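Visitor: here's a sequence, model it:
(chains A, B, C, D, E, F, G, H, I and J)
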Amino acid sequence: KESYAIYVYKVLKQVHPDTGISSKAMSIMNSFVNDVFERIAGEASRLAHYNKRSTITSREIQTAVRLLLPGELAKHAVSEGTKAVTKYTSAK
Amino acid sequence: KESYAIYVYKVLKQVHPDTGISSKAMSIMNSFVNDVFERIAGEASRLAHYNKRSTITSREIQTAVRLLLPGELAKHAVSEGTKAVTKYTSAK
Amino acid sequence: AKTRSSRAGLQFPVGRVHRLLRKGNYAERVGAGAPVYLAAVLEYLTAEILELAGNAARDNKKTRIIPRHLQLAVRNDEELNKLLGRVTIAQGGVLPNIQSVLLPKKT
Amino acid sequence: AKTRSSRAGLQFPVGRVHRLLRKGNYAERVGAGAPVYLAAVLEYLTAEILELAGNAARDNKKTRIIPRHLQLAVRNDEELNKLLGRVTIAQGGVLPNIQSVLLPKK
Amino acid sequence: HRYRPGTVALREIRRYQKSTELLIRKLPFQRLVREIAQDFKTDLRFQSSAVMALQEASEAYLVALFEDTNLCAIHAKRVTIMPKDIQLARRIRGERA
Amino acid sequence: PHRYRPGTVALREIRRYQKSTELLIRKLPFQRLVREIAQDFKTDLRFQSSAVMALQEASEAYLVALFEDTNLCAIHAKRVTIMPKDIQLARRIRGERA
Amino acid sequence: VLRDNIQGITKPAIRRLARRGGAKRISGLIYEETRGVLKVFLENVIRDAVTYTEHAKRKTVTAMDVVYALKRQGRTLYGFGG
Amino acid sequence: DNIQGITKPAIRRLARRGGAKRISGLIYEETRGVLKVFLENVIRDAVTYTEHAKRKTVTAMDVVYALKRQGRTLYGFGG
DNA sequence: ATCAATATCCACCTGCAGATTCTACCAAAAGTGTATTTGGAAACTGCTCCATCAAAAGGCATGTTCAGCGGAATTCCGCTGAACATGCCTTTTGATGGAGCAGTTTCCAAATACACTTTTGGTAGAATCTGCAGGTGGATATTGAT
DNA sequence: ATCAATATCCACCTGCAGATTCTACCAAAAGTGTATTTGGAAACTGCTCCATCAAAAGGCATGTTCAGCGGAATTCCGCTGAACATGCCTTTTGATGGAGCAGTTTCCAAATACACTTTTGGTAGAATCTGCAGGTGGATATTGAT
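Guide: Numbering: from 1, shown residues only, chains lettered A, B, ... in the order given. Below you will find the coordinate block:
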């Protein structure tokens, strides 16, 4: 039964090194990650379809993010994401 | 660009034989069919994933129909669906 | 060669609907019964709304169903109204409906 | 070998996200950056909620983040609140709030 | 001859509830769309049907909103819709809950 | 012979419960209601404990929120007492009656 | 004593709910109105869940069947899987 | 300054179809404000779909998709 | 203003339910290296349709007058919910068979994939059709003053 | 209740636009027919975890008392509806240039498709550990009476 818990936990330590998280709380973050993942995936999925494309690329994820998230949260989400794709592409 | 027009028209003639349908109205009906198609197919899609199934069968379509349509509409959609499948299942 | 629609005794296109099911990416695979069943449900539903549409048409002395007629048919039927509770039928208007406290006089 | 998450410089599992995109039937094909970008967005949002949920715990003199701490973190933030406007966080409760007109006439 | 206040009002309700034409002037509506759009992105073109689609939705939404508003006024034992009513309906609708 | 005035304790309860997160309906009774309602859909069913729990969390969450909109409607009418007309109005505007 | 199930959802409990909801004064008629609402709520959700149950050929409603139902009703719930 | 093109008479007609008998004087500016927010939100998404398609023309489908995202599905214009 | 009654806050204490950290077994990932396939962008461009300019006229917006009556402030009283203390039935919490939930192994009906064949659902173009919008009048409702 | 000003109802009527209807072309479908693959029902079974039962436990039902809230009645100001005069800007009928969306061919960066090797995130059973929840004590605030 896969879950995002360990990565959730890592992120927690970079943010609040000395803070912990109960089970139920870990379980909520898990629901949260899956939910957002499904919402973004879905919208990217439609985006492609409307445009008769067969590939969901980083472009689709981006527009999906713009459509799904609130202004400021979107602004960051977009940069964070652009940053990850760049650093990734610039690396052997 | 395909639409459901002719089929909408055939059925129209079956129930009210001397009635026509204006262009805008047919457009609406065409939107109706695509809408319900998407909703049903979508429910089916998830239903399949929820059960680690990679095939959408007449059965997912049925449960989707039960989830999506109200009282009598659902009750009857299922009959017509079952009916149509049994008949097709016996024609060859 | 007999169309799958005829084998299934349907007016709606069984093949077009099987095809659309593939192109829409809903699962790795689509069984043969799925489109037969979905075309029936779509057919059963358009018949239902058209029955009600044509009546509204007749009720307003018109021979050609127009949007207002589809709207009247949908909003006057508990079930269709719920199925389309978040749908807007262009050029359909609303149902005539005036709250009692707004009518004049008494009794 | 070096994991994609490491190259992308992320904590979240790029490999898994990619996998999940394919098996999800969202499209025929899936570009290579999509799971990278996607994963990056999920880490960032995760960081946002934990960051706040965290402050919520410190503010209540507690070290372990609990549901209450996630609820108080989300509904006290305009954007996260909108983003989760149709989500119920179990064991979250509600924010303390009494309509003025209900307060005793001082 | 002069009808008592509210008689024509009811006459108008029956009138418009019975019809389906849009009630906002076309050109003015088009300008509002173009203005709000330009502020989002410069140099944009609109298929005429896109503008009409936006008008059909807008009035459909506004008409639905007034019914709720009307119910909120009446909830207040009033027959006059006021801002506070539009506001109670959108707060409940979830447009600012 | 001490006595708190009408409303004093209520407000006190509002403060108390808006602070906590425990479920406010008694588990068993709820469980019975859930099962009874389900028996009408399919007989001889079993419920994971987590499923019944999930349902309670959802129901209370739903009702609490409905009471909020309801209180707003009561206030709209210049009252401080929520009444059925208020739950009714709220549910209609929410589309649950529309 | 022997009463009924919906009646099992008692006034004290319903009052508590109303309190978390910020209600200061509660009409006598609220309690029955609530039960009715709560019943319509549960029927809608459970009906959808049990449908997910039968589909998977099980005899046990699972927390996921309830989460999947809630999600359809646009009543998404975090914490029980999903 | 086009929000003023939404005249007092038109806002009245709308309230009518909505079944409102008497209208406060403050309704009009409030309605214009409510309508502006509706449009901004629908257009923002529509235009977002346009851009993604690398088009300069906002199409009815763009508006139909935007409306669907916002839970206000529209029948009649291809959607 | 003056106590008396209670609720509320805080500093401290501590047992344990639930969170942490260790280890080993491991299939399922996830990374890598090679061969093949293909989606969709670039480049050329046919052709729809969007912007826009012009003119006309009358449907409608604007602005004002005037007062009918609806909103909202105020007083008043009956009655309905809140607080409370009295006492008991229900729910809750911890312990034990068994029924289904899954984990596994099987093997077949059924779902791709690929190659043809042939039948249909768009449509571009011109032509005849037909329902009803919109104008008309006059007979029947509806309103409001007296 | 009678009466006059107006709006409503409505069956008759025919010009016009939008709807039905051939004619031919068709390449995109949908269908018919082998070859190959496999998804998942189907039966068997071990292990959870769910339902049931009995006792440790903590909240709800009940009756009474009354204070204060909701709504009926009264009142008056003023804002909003109806009607009218005036005139402009929407809309409507056409025409035109050109932008840019949409069809079509070409070809390479990138994605699918195994195949093989490495590592890692989940489960399991064991033991260790601790953040905090209630329990206490005493101080202080809040509320309600006087």
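Visitor: residues of chain C that sit close to DNA strand I?
Guide: Applying C-beta under 7 Å from any atom of the strand, one finds that chain C approaches DNA strand I through C:1, C:3, C:13, C:28-33, C:57, C:61-64, C:104. Placement of C-beta: from N, CA and C, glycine included.
Visitor: of these, buried ones?
Guide: Neighbour counting by 16 or more other C-beta atoms under 10 Å in any protein chain shown classes C:13, C:30-31, C:33, C:57, C:62 among these as buried.
Visitor: just the ones of the residues you listed in helices?
Guide: Under the assignment DSSP state H, those contribute C:33, C:57 to helices.
Visitor: list just the nearest of the buried ones among the residues of chain C next to DNA strand I to chain E.
Guide: residue C:62 (13.3 Å; C-beta to the nearest C-beta).
Visitor: secondary structure element for the nearest residue to the closest one once chain neighbours are set aside?
Guide: Leaving aside its sequence neighbours, residue C:62 sits nearest to residue C:69 (C-beta to C-beta, 6 or more residues apart in numbering or on different chains; 7.3 Å). Per DSSP states H and E: residue C:69 is located in helix C:67-75.
Visitor: next SSE after that helix?
Guide: Past helix C:67-75, the next helix or strand by DSSP H and E is helix C:78-83.
Visitor: and chain B, is that next one touching that?
Guide: Yes. Residues of helix C:78-83 are located near chain B by C-beta under 8 Å from any C-beta of the partner chain, namely C:78-80, C:82-83.
Visitor: looking at these, spot the one nearest residue B:57.
Guide: For the residues of helix C:78-83 next to chain B, the closest approach to residue B:57 (C-beta to C-beta) belongs to residue C:83, at 23.5 Å.
Visitor: and the residue in chain G positioned nearest to chain C, its phi and psi?
Guide: Residue nearest to chain C within chain G: residue G:74 (10.2 Å; C-beta to the nearest C-beta). The phi/psi pair for residue G:74 (degrees, to the nearest 10) reads phi 60, psi 40.
Visitor: and the strands in chain E?
Guide: Along chain E, counting by DSSP state E, strands occupy E:45-46, E:80-81.
Visitor: contact residues of chain C facing chain F?
Guide: Within chain C, the positions adjacent to chain F are C:85-86 by C-beta under 8 Å from any C-beta.
Visitor: which single residue in chain C comes nearest to chain B?
Guide: Counting by C-beta to the nearest C-beta, chain C gets nearest chain B through residue C:33, at 3.1 Å.
Visitor: and the gap between that residue and residue B:47?
Guide: 15 Å (C-beta to C-beta, to the nearest Å).
Visitor: ok, now residue G:44?
Guide: Distance from residue G:44 to residue B:47, by C-beta to C-beta: 18 Å.
Visitor: could I get the CA-only coordinates of stretch E:22-29 as PDB?
Guide: What follows is stretch E:22-29, C-alpha atoms only, in PDB (Å, rounded to 0.1, in the frame of the first residue of the first chain):
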ATOM      1  CA  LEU E  22     -31.300  38.300 -23.300                       C
ATOM      2  CA  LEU E  23     -32.100  41.500 -21.400                       C
ATOM      3  CA  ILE E  24     -28.800  43.300 -21.500                       C
ATOM      4  CA  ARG E  25     -28.000  45.400 -24.600                       C
ATOM      5  CA  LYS E  26     -25.700  43.500 -27.000                       C
ATOM      6  CA  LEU E  27     -23.100  45.900 -28.000                       C
ATOM      7  CA  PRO E  28     -22.600  47.300 -24.400                       C
ATOM      8  CA  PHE E  29     -22.100  43.700 -23.200                       C
END
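Visitor: quick one: buried residues of it?
Guide: Burial within stretch E:22-29, assessed by neighbour count using 16+ other C-beta under 10 Å, is assigned to E:22-24, E:28-29.
Visitor: ditto for stretch G:54-63
Guide: Buried positions in stretch G:54-63, judged by neighbour count with 16+ other C-beta under 10 Å: G:54-56, G:61-63.
Visitor: about what we covered before: between residue G:44 and residue B:47, which is the more surrounded one?
Guide: Neighbour totals were compared for residue G:44 and residue B:47, and residue B:47 leads with 25 against 16 (other C-beta atoms under 10 Å in any protein chain shown).
Visitor: what about the strands in chain C?
Guide: Under DSSP E, chain C gives strands at C:29-30, C:64-65, C:87-89.
Visitor: ok so, going back, next step: the buried residues of stretch E:22-29 restricted to helices.
Guide: Reading helices off the buried residues of stretch E:22-29 with DSSP H, I get E:28-29.
Visitor: returning to what we had before: for the buried ones among the residues of helix C:78-83 next to chain B, write the corresponding ChimeraX selection.
Guide: Buried residues within the residues of helix C:78-83 next to chain B, by 16+ other C-beta under 10 Å, are selected in ChimeraX with:
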select /C:80,83
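Visitor: how close does the residue positioned nearest the centre of chain E sit to residue H:16?
Guide: What sits nearest the mean C-alpha location of chain E, by C-alpha atoms, centre = their mean, is residue E:62, with 3.0 Å. With distances taken as C-beta to C-beta, residue E:62 is found 11 Å from residue H:16.
Visitor: please apply the same query to residue C:8.
Guide: Residue C:8 is 49 Å from residue H:16, by C-beta to C-beta.
Visitor: follow-up on the earlier one: pull the contacting residues for the residue of chain G closest to chain C.
Guide: For residue G:74, the contacting residues are residue D:86, by C-beta atoms under 8 Å, 6 or more residues apart in numbering or on different chains.
Visitor: contacts only, for residue G:54.
Guide: By C-beta under 8 Å, 6+ apart, the neighbours of residue G:54 are B:63, F:42.
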